[PDB]
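Shown next: my_file-v1.cif, containing mmCIF, C-alpha atoms and all ligand atoms.
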data_model
#
loop_
_atom_site.label_atom_id
_atom_site.label_comp_id
_atom_site.auth_asym_id
_atom_site.auth_seq_id
_atom_site.Cartn_x
_atom_site.Cartn_y
_atom_site.Cartn_z
CA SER A 1 0.00 0.00 0.00
CA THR A 2 1.04 3.65 -0.39
CA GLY A 3 0.07 7.05 0.96
CA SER A 4 0.46 10.57 -0.35
CA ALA A 5 -0.30 13.87 1.35
CA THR A 6 0.18 17.55 0.55
CA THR A 7 2.23 19.61 2.94
CA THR A 8 1.75 23.40 3.19
CA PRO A 9 3.96 26.16 4.68
CA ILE A 10 2.36 27.71 7.76
CA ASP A 11 3.41 31.27 6.88
CA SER A 12 5.09 33.32 4.23
CA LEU A 13 8.61 32.52 5.49
CA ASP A 14 8.20 28.68 5.38
CA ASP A 15 8.81 28.54 9.14
CA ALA A 16 7.25 25.07 9.26
CA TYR A 17 5.04 22.80 7.19
CA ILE A 18 1.76 21.17 8.20
CA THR A 19 0.17 18.03 6.72
CA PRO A 20 -3.41 16.89 7.40
CA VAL A 21 -3.66 13.60 9.34
CA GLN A 22 -6.87 11.66 10.12
CA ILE A 23 -7.03 10.29 13.69
CA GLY A 24 -9.82 8.18 15.17
CA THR A 25 -13.22 6.80 13.99
CA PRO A 26 -15.02 8.81 12.70
CA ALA A 27 -11.91 10.67 11.46
CA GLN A 28 -10.74 13.82 13.25
CA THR A 29 -8.42 15.74 10.95
CA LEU A 30 -5.49 17.53 12.54
CA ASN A 31 -2.68 19.42 10.82
CA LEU A 32 0.55 17.97 12.10
CA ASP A 33 4.19 19.00 11.65
CA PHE A 34 6.08 16.04 10.17
CA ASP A 35 9.41 15.90 12.02
CA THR A 36 12.21 13.55 10.93
CA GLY A 37 14.18 14.77 14.02
CA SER A 38 11.87 13.22 16.64
CA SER A 39 9.90 10.02 17.20
CA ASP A 40 6.74 11.00 19.07
CA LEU A 41 3.26 11.44 17.58
CA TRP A 42 1.69 13.95 19.96
CA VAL A 43 -1.42 16.11 19.61
CA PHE A 44 -3.34 18.88 21.30
CA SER A 45 -6.35 17.17 22.83
CA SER A 46 -9.45 17.46 25.02
CA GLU A 47 -7.02 16.85 27.98
CA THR A 48 -4.71 19.82 27.28
CA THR A 49 -4.97 22.58 29.94
CA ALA A 50 -7.52 24.97 28.52
CA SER A 51 -5.28 28.03 29.01
CA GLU A 52 -2.51 26.43 26.89
CA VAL A 53 -4.78 26.12 23.80
CA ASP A 54 -5.28 29.06 21.42
CA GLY A 55 -7.05 28.06 18.14
CA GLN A 56 -5.62 24.55 17.65
CA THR A 57 -7.85 21.73 16.53
CA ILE A 58 -7.88 19.20 19.41
CA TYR A 59 -8.13 15.43 19.34
CA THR A 60 -11.00 14.11 21.48
CA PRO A 61 -10.40 10.43 22.28
CA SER A 62 -13.87 10.17 23.85
CA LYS A 63 -15.47 10.70 20.41
CA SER A 64 -13.39 7.98 18.74
CA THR A 65 -14.84 4.49 18.81
CA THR A 66 -11.34 3.01 18.15
CA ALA A 67 -9.36 4.97 20.82
CA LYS A 68 -8.00 2.97 23.79
CA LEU A 69 -6.16 4.38 26.78
CA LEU A 70 -2.75 2.81 27.10
CA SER A 71 -3.01 2.19 30.82
CA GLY A 72 -0.19 3.71 32.86
CA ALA A 73 1.85 4.98 29.88
CA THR A 74 3.22 8.51 29.89
CA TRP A 75 5.44 10.65 27.71
CA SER A 76 7.50 13.73 28.15
CA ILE A 77 9.56 15.48 25.49
CA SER A 78 11.93 18.46 25.31
CA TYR A 79 13.01 19.87 21.92
CA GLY A 80 16.40 21.38 21.01
CA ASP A 81 14.88 24.91 21.08
CA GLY A 82 13.59 24.56 24.68
CA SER A 83 10.05 23.44 23.76
CA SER A 84 8.37 20.70 25.77
CA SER A 85 5.11 18.88 26.29
CA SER A 86 3.87 15.79 28.12
CA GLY A 87 0.78 13.77 28.90
CA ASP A 88 -0.79 10.35 28.50
CA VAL A 89 -1.09 7.87 25.63
CA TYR A 90 -3.91 6.43 23.58
CA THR A 91 -3.83 3.96 20.75
CA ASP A 92 -6.05 4.75 17.74
CA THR A 93 -6.30 4.47 13.98
CA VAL A 94 -4.17 7.04 12.12
CA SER A 95 -4.30 7.64 8.38
CA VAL A 96 -2.01 9.83 6.25
CA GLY A 97 -2.95 10.43 2.67
CA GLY A 98 -4.87 7.14 2.31
CA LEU A 99 -2.33 5.00 4.25
CA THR A 100 -3.90 3.61 7.46
CA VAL A 101 -2.24 2.24 10.60
CA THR A 102 -4.28 0.66 13.35
CA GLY A 103 -3.14 0.70 16.94
CA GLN A 104 -0.86 3.71 16.55
CA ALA A 105 0.28 5.35 19.76
CA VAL A 106 -1.24 8.87 19.93
CA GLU A 107 0.36 10.92 22.70
CA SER A 108 -2.19 13.30 24.18
CA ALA A 109 -0.71 16.55 25.53
CA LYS A 110 -1.86 17.62 28.97
CA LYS A 111 0.82 20.33 29.09
CA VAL A 112 2.52 22.16 26.17
CA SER A 113 5.24 24.81 26.34
CA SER A 114 4.33 28.37 25.37
CA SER A 115 5.88 28.19 21.89
CA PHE A 116 3.40 25.51 20.77
CA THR A 117 0.51 27.52 22.30
CA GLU A 118 1.43 30.65 20.25
CA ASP A 119 1.52 28.60 16.96
CA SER A 120 -2.21 28.26 16.25
CA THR A 121 -1.63 26.53 12.90
CA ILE A 122 0.18 23.42 14.31
CA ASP A 123 -2.04 20.83 16.05
CA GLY A 124 0.83 18.49 16.87
CA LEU A 125 3.91 16.68 15.62
CA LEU A 126 4.36 13.41 13.73
CA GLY A 127 7.82 12.03 14.47
CA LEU A 128 9.66 10.18 11.68
CA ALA A 129 13.07 9.56 13.26
CA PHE A 130 13.94 6.04 14.55
CA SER A 131 11.75 4.52 17.25
CA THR A 132 14.62 4.29 19.71
CA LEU A 133 14.03 8.03 20.42
CA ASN A 134 10.33 7.66 21.38
CA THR A 135 9.66 8.97 24.89
CA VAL A 136 6.77 6.76 26.01
CA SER A 137 7.34 5.12 29.39
CA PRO A 138 7.41 2.35 30.64
CA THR A 139 6.83 0.74 27.21
CA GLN A 140 8.51 2.51 24.28
CA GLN A 141 6.22 3.00 21.24
CA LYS A 142 6.84 2.70 17.47
CA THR A 143 6.54 5.58 14.98
CA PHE A 144 3.90 5.78 12.29
CA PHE A 145 6.52 4.88 9.68
CA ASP A 146 7.72 1.84 11.66
CA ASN A 147 4.12 0.66 12.12
CA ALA A 148 3.34 1.16 8.42
CA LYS A 149 6.57 -0.41 7.10
CA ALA A 150 5.15 -3.94 6.84
CA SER A 151 2.34 -2.96 4.51
CA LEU A 152 4.16 -0.40 2.36
CA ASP A 153 5.08 -1.37 -1.17
CA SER A 154 8.64 -0.14 -0.48
CA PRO A 155 9.91 0.75 3.02
CA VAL A 156 10.54 4.43 2.07
CA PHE A 157 9.07 7.84 2.42
CA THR A 158 10.00 10.95 0.50
CA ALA A 159 10.00 14.65 1.36
CA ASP A 160 9.39 17.15 -1.43
CA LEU A 161 9.08 20.51 0.39
CA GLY A 162 8.12 23.60 -1.56
CA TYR A 163 9.72 27.05 -1.53
CA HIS A 164 6.83 29.39 -0.53
CA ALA A 165 4.55 26.73 -2.00
CA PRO A 166 2.93 23.39 -1.09
CA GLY A 167 4.81 20.15 -1.36
CA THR A 168 4.34 16.41 -0.89
CA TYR A 169 5.12 13.63 1.56
CA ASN A 170 4.82 10.18 -0.11
CA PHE A 171 4.89 6.86 1.74
CA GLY A 172 5.78 3.55 0.12
CA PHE A 173 6.92 4.68 -3.34
CA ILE A 174 9.34 7.01 -5.17
CA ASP A 175 7.66 9.40 -7.63
CA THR A 176 10.08 9.41 -10.51
CA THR A 177 8.40 12.45 -12.06
CA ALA A 178 9.18 14.70 -9.05
CA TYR A 179 12.95 15.08 -9.62
CA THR A 180 15.56 15.48 -12.35
CA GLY A 181 18.67 13.37 -12.97
CA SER A 182 19.53 10.50 -10.61
CA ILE A 183 19.06 10.03 -6.91
CA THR A 184 22.40 9.85 -5.02
CA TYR A 185 22.16 7.63 -1.96
CA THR A 186 24.40 8.01 1.08
CA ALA A 187 24.86 5.95 4.24
CA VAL A 188 22.90 6.64 7.46
CA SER A 189 24.07 6.13 11.03
CA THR A 190 21.17 5.27 13.33
CA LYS A 191 23.34 5.17 16.45
CA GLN A 192 21.84 8.38 17.95
CA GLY A 193 18.32 7.67 16.61
CA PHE A 194 18.46 10.33 13.86
CA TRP A 195 18.67 10.25 10.08
CA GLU A 196 22.37 11.07 10.40
CA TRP A 197 24.64 11.23 7.35
CA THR A 198 27.91 12.83 6.24
CA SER A 199 28.02 15.59 3.68
CA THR A 200 31.12 15.64 1.50
CA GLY A 201 31.68 19.42 1.39
CA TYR A 202 30.37 22.79 0.44
CA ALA A 203 30.75 25.83 -1.83
CA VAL A 204 29.70 29.47 -1.38
CA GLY A 205 28.19 31.07 -4.48
CA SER A 206 30.37 30.36 -7.47
CA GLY A 207 33.44 29.62 -5.32
CA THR A 208 35.53 26.48 -5.26
CA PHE A 209 34.07 23.42 -3.62
CA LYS A 210 35.80 22.58 -0.34
CA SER A 211 35.94 18.85 0.33
CA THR A 212 35.37 18.30 4.02
CA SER A 213 33.19 15.89 6.00
CA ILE A 214 30.21 17.50 7.70
CA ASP A 215 28.25 15.08 9.86
CA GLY A 216 24.68 16.16 10.49
CA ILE A 217 21.01 15.15 10.53
CA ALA A 218 18.22 15.44 7.98
CA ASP A 219 15.50 17.21 10.02
CA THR A 220 12.22 18.35 8.43
CA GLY A 221 11.24 19.66 11.87
CA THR A 222 13.95 22.37 11.98
CA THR A 223 13.51 25.47 9.86
CA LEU A 224 17.11 26.62 9.30
CA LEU A 225 20.46 25.16 8.29
CA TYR A 226 22.92 24.85 11.22
CA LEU A 227 26.52 24.20 10.19
CA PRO A 228 29.97 24.49 11.84
CA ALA A 229 31.19 27.92 12.69
CA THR A 230 34.00 27.81 10.08
CA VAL A 231 31.55 27.11 7.25
CA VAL A 232 28.98 29.71 8.35
CA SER A 233 31.67 32.38 8.72
CA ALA A 234 32.91 31.67 5.19
CA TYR A 235 29.35 32.08 3.83
CA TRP A 236 28.44 35.36 5.58
CA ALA A 237 31.85 36.88 4.78
CA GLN A 238 30.60 37.10 1.18
CA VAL A 239 27.57 39.25 2.14
CA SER A 240 28.42 42.92 2.47
CA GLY A 241 27.44 44.21 5.90
CA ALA A 242 26.46 40.83 7.39
CA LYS A 243 27.43 40.31 11.03
CA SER A 244 26.78 38.01 13.93
CA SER A 245 24.49 39.78 16.42
CA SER A 246 24.38 38.64 20.04
CA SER A 247 21.13 40.50 20.70
CA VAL A 248 19.40 38.81 17.80
CA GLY A 249 21.03 35.42 18.30
CA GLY A 250 22.76 34.82 14.97
CA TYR A 251 23.88 36.31 11.70
CA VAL A 252 21.83 39.20 10.26
CA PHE A 253 22.38 41.05 7.01
CA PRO A 254 21.15 44.24 5.29
CA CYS A 255 17.83 43.46 3.75
CA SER A 256 18.98 45.23 0.51
CA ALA A 257 21.77 42.69 -0.12
CA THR A 258 21.55 39.78 -2.53
CA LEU A 259 22.61 36.49 -1.03
CA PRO A 260 24.92 33.96 -2.70
CA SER A 261 23.78 30.42 -3.14
CA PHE A 262 25.11 27.62 -0.95
CA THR A 263 26.13 24.21 -2.30
CA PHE A 264 26.40 21.06 -0.21
CA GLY A 265 27.92 17.74 -1.32
CA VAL A 266 26.14 14.38 -1.34
CA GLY A 267 28.71 11.77 -2.32
CA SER A 268 29.85 13.04 -5.70
CA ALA A 269 26.67 15.01 -6.38
CA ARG A 270 26.00 18.68 -5.51
CA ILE A 271 22.78 20.18 -4.14
CA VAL A 272 22.51 23.97 -4.74
CA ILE A 273 20.46 26.10 -2.31
CA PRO A 274 19.44 29.34 -4.11
CA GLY A 275 20.37 32.46 -2.20
CA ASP A 276 16.71 33.55 -1.94
CA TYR A 277 15.99 30.47 0.25
CA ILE A 278 18.43 31.86 2.86
CA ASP A 279 16.55 35.16 3.40
CA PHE A 280 14.26 34.90 6.41
CA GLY A 281 13.20 38.56 6.23
CA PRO A 282 13.32 41.48 8.70
CA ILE A 283 14.15 40.76 12.33
CA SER A 284 11.20 42.99 13.36
CA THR A 285 8.49 44.73 11.41
CA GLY A 286 9.92 47.64 9.50
CA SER A 287 13.56 46.77 10.23
CA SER A 288 16.20 47.01 7.53
CA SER A 289 18.16 44.10 9.11
CA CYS A 290 17.19 40.65 7.86
CA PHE A 291 17.68 37.23 9.47
CA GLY A 292 19.93 34.65 7.81
CA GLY A 293 18.86 31.09 7.08
CA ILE A 294 22.33 29.62 7.67
CA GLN A 295 23.46 29.79 11.29
CA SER A 296 26.15 28.27 13.43
CA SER A 297 25.67 24.89 15.13
CA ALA A 298 28.30 25.62 17.78
CA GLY A 299 25.73 26.25 20.51
CA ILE A 300 23.58 23.21 19.45
CA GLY A 301 26.15 20.42 19.39
CA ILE A 302 25.04 18.78 16.14
CA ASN A 303 24.81 19.99 12.54
CA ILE A 304 21.23 20.15 11.20
CA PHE A 305 20.17 20.06 7.54
CA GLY A 306 16.76 21.66 8.16
CA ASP A 307 14.06 22.81 5.76
CA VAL A 308 16.31 25.50 4.14
CA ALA A 309 18.48 22.66 2.76
CA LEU A 310 15.88 19.92 2.31
CA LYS A 311 13.46 22.06 0.26
CA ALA A 312 16.19 22.47 -2.33
CA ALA A 313 16.05 18.71 -3.01
CA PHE A 314 13.88 15.66 -3.48
CA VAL A 315 14.74 13.61 -0.41
CA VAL A 316 14.31 9.84 0.04
CA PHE A 317 14.24 8.35 3.51
CA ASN A 318 14.98 4.64 2.84
CA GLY A 319 14.05 2.68 5.97
CA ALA A 320 15.43 -0.61 4.62
CA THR A 321 17.20 -2.83 7.12
CA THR A 322 20.34 -0.90 6.25
CA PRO A 323 18.93 2.67 6.02
CA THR A 324 20.04 5.27 3.47
CA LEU A 325 19.19 8.82 2.50
CA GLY A 326 18.75 9.76 -1.16
CA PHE A 327 19.06 13.23 -2.61
CA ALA A 328 18.11 14.47 -6.05
CA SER A 329 17.90 17.86 -7.67
CA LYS A 330 14.47 19.12 -8.61
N1 LIG B 1 13.27 18.35 14.95
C1 LIG B 1 13.43 17.75 16.25
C2 LIG B 1 14.81 18.09 16.84
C3 LIG B 1 15.01 19.25 17.58
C4 LIG B 1 16.27 19.53 18.12
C5 LIG B 1 17.31 18.64 17.89
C6 LIG B 1 18.69 18.87 18.47
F1 LIG B 1 18.78 20.19 18.85
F2 LIG B 1 18.79 18.01 19.55
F3 LIG B 1 19.64 18.51 17.56
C7 LIG B 1 17.11 17.49 17.15
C8 LIG B 1 15.86 17.22 16.62
#
Structure rendered as structure tokens:
Amino acid sequence: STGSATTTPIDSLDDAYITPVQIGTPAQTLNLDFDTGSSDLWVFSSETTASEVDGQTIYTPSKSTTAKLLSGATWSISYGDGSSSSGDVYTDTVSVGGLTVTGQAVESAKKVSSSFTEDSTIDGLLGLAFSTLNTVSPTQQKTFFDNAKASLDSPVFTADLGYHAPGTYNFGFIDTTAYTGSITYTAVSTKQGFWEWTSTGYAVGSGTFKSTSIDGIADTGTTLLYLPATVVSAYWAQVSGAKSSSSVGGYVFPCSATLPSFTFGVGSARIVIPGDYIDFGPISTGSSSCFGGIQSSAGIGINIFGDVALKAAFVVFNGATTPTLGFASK
């Protein structure tokens, strides 16, 4: 079987993407943020503290004839930006784009941090990293992808994110009309639970390609591109007037400048990020300083190929017994 669903930017900067997901019987449709950097499926629900909910669609397990409380199970998660949430656990039917899993763990938020509450367009997260990162206790739970793997035609999903435009998540098949050229595959380490891979180098604008190993994760759940300080300094040095700002928390640049592209290596292939993708607009309304889409990973501890990078490519997440990541130009 296969599934296919459209994913839509939540705002005009592509800060995140939401995908409709059907939970329960009869279906309750929630717009979830598909996150290959985490492994929990959690939703705003009828059990979330009423003050922590501001326009989200909530899952109501009591209206689902297929929902079952997973007695005694709890979950608690903290994200790399300081976000957190926690609650209890149901199992229920979950469908994405026509692909249905029965008995999926649905983590119901009783508490959410403030940054989820302020984001009225996101009803929850759908984790697509490896199930070893799932936070359910005492019994760890499988991700939607892991549950679906058996019945998929091919154990893969693909991410085709749009620039200021809708895109597609496909499960179980590779759409050979959605990319150009060949797909280059590259090895994945699952030892930390992430889709972790090694990029072979980079170039700034039309400069020479520097061969150098950059280990990092493919994370649809992270907006920006976080790379080592040496790389990020070499990029912003080519933008007149760019500087690292401690009050803003990263590199900013004059909104009037034009940004060079950024190339990253996948084996012998090259993925080019157009400079326009790196502009995240004014730091405050009316400001002439603009926020850069490439930032240093030094304070994070791991390099992250977030949406800025991934939306420049067609990306294959191959969850075969030896996993790989595939990249193609589009
Ligand atoms: N998208 C989920 C996520 C968030 C943060 C991190 C970090 F910061 F731990 F690398 C990984 C994955």
Handout entry: Residues near range 190-197 of chain A, cut-off 10 Å, only C-alpha atoms, skip fewer than 4 positions along chain, as a VMD selection string
Key = chain A and resid 36 to 39 128 to 134 186 213 to 219 266 302 to 305 317 to 319 322 to 325
Practice task
One decimal, Å: what's the distance from CA of residue 85 in chain A over to CA of residue 55 in chain A, could you say?
Solution key: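 Those two atoms sit 17.3 Å apart.
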Exercise for the section: Take CA of residue 140 in chain A and CA of residue 170 in chain A and report the distance between them in Å, one decimal. Expected result: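 If I compute the distance from CA of residue 140 in chain A to CA of residue 170 in chain A, I get 25.8 Å.
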Practice task
Pick out the closest residue to ligand LIG 1 (chain B) from this set: A:16, A:242, A:232, A:112. Count only C-alpha atoms and all ligand atoms.
Solution key: A:16
Exercise for the section: Please identify all polymer residues within 10 Å of residue 149 in chain A, counting only C-alpha atoms, omitting same-chain residues fewer than 6 positions from it, and present them as JSON, numbers by chain. Expected result: {"A": [1, 101, 143, 155, 156, 157, 171, 172, 319, 320]}
Practice task
Pick out the closest residue to residue 287 in chain A from this set: A:255, A:315, A:209, A:54. Count all atoms listed in the file.
Solution key: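 Ranking A:255, A:315, A:209, A:54 by distance to residue 287 in chain A, first place goes to A:255.
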Completion exercise
residue 21 in chain A proximity check over A:280, A:236, A:179, A:42, using all atoms listed in the file: winner is A:42
Practice task
Rank nothing, just name the residue among A:205, A:20, A:124, A:3 nearest to residue 234 in chain A, using only C-alpha atoms.
Solution key: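 Of the candidates, the smallest distance to residue 234 in chain A is held by A:205.
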Problem - Residue nearest ligand LIG 1 (chain B) among A:174, A:300, A:5, A:237 (counting all atoms listed in the file) - result: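 Once distances to ligand LIG 1 (chain B) are computed over all atoms listed in the file, the minimum belongs to A:300.
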Problem - Atomic separation - CA of residue 4 in chain A relative to CA of residue 98 in chain A, Å - result: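 Atom-to-atom, CA of residue 98 in chain A and CA of residue 4 in chain A are spaced 6.9 Å apart.
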Handout entry: Minimum-distance residue to residue 162 in chain A, chosen among A:269, A:13, A:316, A:53 (using all atoms listed in the file)
Key =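 Of A:269, A:13, A:316, A:53, the one nearest residue 162 in chain A is A:13, counting all atoms listed in the file.
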Exercise for the section: Tell me, as number ranges by chain, which residues lie within 10 Å of residue 25 in chain A, counting all atoms listed in the file; anything in the same chain fewer than 4 positions away does not count. Expected result: A: 61, 63-67, 92-94
Problem - Test item: which residues lie within 10 Å of (11.0, 21.8, 11.9) counting only C-alpha atoms, as a PyMOL selection string - result: chain A and resi 14-18+33-38+125+219-224+306-307
Practice task
Take the point (-2.8, 17.4, 14.1) in the file's coordinates, draw a sphere of radius 6 Å around it, and report as a ChimeraX atom specification every protein, DNA or RNA residue with an atom inside or on it, counting only C-alpha atoms.
Solution key: /A:30-32,43,123-124
Practice task
Within 9 Å of residue 46 in chain A, counting all atoms listed in the file, which residues show up once you throw out same-chain ones fewer than 6 positions away? Write them as a VMD selection string, please.
Solution key: chain A and resid 58 to 62 108 to 110
Please, can range 209-224 of chain A be completed to N, CA, C and O atoms and returned as a PDB file, in the coordinates of the input?
ATOM      1  N   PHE A 209      34.643  24.366  -4.544  1.00  0.00           N
ATOM      2  CA  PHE A 209      34.070  23.420  -3.620  1.00  0.00           C
ATOM      3  C   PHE A 209      35.166  22.984  -2.678  1.00  0.00           C
ATOM      4  O   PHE A 209      36.257  22.645  -3.124  1.00  0.00           O
ATOM      5  N   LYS A 210      34.880  23.018  -1.388  1.00  0.00           N
ATOM      6  CA  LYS A 210      35.800  22.580  -0.340  1.00  0.00           C
ATOM      7  C   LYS A 210      35.380  21.191   0.109  1.00  0.00           C
ATOM      8  O   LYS A 210      34.283  21.015   0.661  1.00  0.00           O
ATOM      9  N   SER A 211      36.236  20.203  -0.123  1.00  0.00           N
ATOM     10  CA  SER A 211      35.940  18.850   0.330  1.00  0.00           C
ATOM     11  C   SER A 211      36.248  18.756   1.809  1.00  0.00           C
ATOM     12  O   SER A 211      37.370  19.040   2.241  1.00  0.00           O
ATOM     13  N   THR A 212      35.236  18.393   2.585  1.00  0.00           N
ATOM     14  CA  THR A 212      35.370  18.300   4.020  1.00  0.00           C
ATOM     15  C   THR A 212      34.113  17.607   4.528  1.00  0.00           C
ATOM     16  O   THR A 212      33.030  17.844   3.988  1.00  0.00           O
ATOM     17  N   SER A 213      34.278  16.722   5.510  1.00  0.00           N
ATOM     18  CA  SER A 213      33.190  15.890   6.000  1.00  0.00           C
ATOM     19  C   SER A 213      32.383  16.683   7.002  1.00  0.00           C
ATOM     20  O   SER A 213      32.935  17.190   7.967  1.00  0.00           O
ATOM     21  N   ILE A 214      31.096  16.831   6.762  1.00  0.00           N
ATOM     22  CA  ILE A 214      30.210  17.500   7.700  1.00  0.00           C
ATOM     23  C   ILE A 214      29.169  16.470   8.119  1.00  0.00           C
ATOM     24  O   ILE A 214      28.307  16.113   7.320  1.00  0.00           O
ATOM     25  N   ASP A 215      29.224  16.019   9.350  1.00  0.00           N
ATOM     26  CA  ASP A 215      28.250  15.080   9.860  1.00  0.00           C
ATOM     27  C   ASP A 215      27.033  15.848  10.386  1.00  0.00           C
ATOM     28  O   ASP A 215      27.178  16.840  11.110  1.00  0.00           O
ATOM     29  N   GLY A 216      25.835  15.401  10.024  1.00  0.00           N
ATOM     30  CA  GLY A 216      24.680  16.160  10.490  1.00  0.00           C
ATOM     31  C   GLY A 216      23.414  15.346  10.259  1.00  0.00           C
ATOM     32  O   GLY A 216      23.472  14.215   9.788  1.00  0.00           O
ATOM     33  N   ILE A 217      22.256  15.919  10.644  1.00  0.00           N
ATOM     34  CA  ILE A 217      21.010  15.150  10.530  1.00  0.00           C
ATOM     35  C   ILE A 217      20.071  15.810   9.548  1.00  0.00           C
ATOM     36  O   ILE A 217      20.048  17.035   9.384  1.00  0.00           O
ATOM     37  N   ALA A 218      19.273  14.972   8.883  1.00  0.00           N
ATOM     38  CA  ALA A 218      18.220  15.440   7.980  1.00  0.00           C
ATOM     39  C   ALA A 218      16.974  15.632   8.822  1.00  0.00           C
ATOM     40  O   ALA A 218      16.382  14.628   9.256  1.00  0.00           O
ATOM     41  N   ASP A 219      16.554  16.891   9.044  1.00  0.00           N
ATOM     42  CA  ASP A 219      15.500  17.210  10.020  1.00  0.00           C
ATOM     43  C   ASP A 219      14.439  18.114   9.400  1.00  0.00           C
ATOM     44  O   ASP A 219      14.629  19.341   9.332  1.00  0.00           O
ATOM     45  N   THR A 220      13.311  17.511   8.964  1.00  0.00           N
ATOM     46  CA  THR A 220      12.220  18.350   8.430  1.00  0.00           C
ATOM     47  C   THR A 220      11.593  19.240   9.487  1.00  0.00           C
ATOM     48  O   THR A 220      10.829  20.164   9.133  1.00  0.00           O
ATOM     49  N   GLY A 221      11.808  18.928  10.758  1.00  0.00           N
ATOM     50  CA  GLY A 221      11.240  19.660  11.870  1.00  0.00           C
ATOM     51  C   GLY A 221      11.998  20.934  12.295  1.00  0.00           C
ATOM     52  O   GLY A 221      11.604  21.627  13.223  1.00  0.00           O
ATOM     53  N   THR A 222      13.106  21.226  11.656  1.00  0.00           N
ATOM     54  CA  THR A 222      13.950  22.370  11.980  1.00  0.00           C
ATOM     55  C   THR A 222      13.949  23.251  10.756  1.00  0.00           C
ATOM     56  O   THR A 222      14.119  22.757   9.637  1.00  0.00           O
ATOM     57  N   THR A 223      13.695  24.534  10.969  1.00  0.00           N
ATOM     58  CA  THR A 223      13.510  25.470   9.860  1.00  0.00           C
ATOM     59  C   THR A 223      14.823  25.750   9.119  1.00  0.00           C
ATOM     60  O   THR A 223      14.865  25.792   7.890  1.00  0.00           O
ATOM     61  N   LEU A 224      15.875  26.081   9.869  1.00  0.00           N
ATOM     62  CA  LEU A 224      17.110  26.620   9.300  1.00  0.00           C
ATOM     63  C   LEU A 224      18.153  25.537   9.078  1.00  0.00           C
ATOM     64  O   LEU A 224      17.965  24.362   9.405  1.00  0.00           O
TER      65      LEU A 224
END
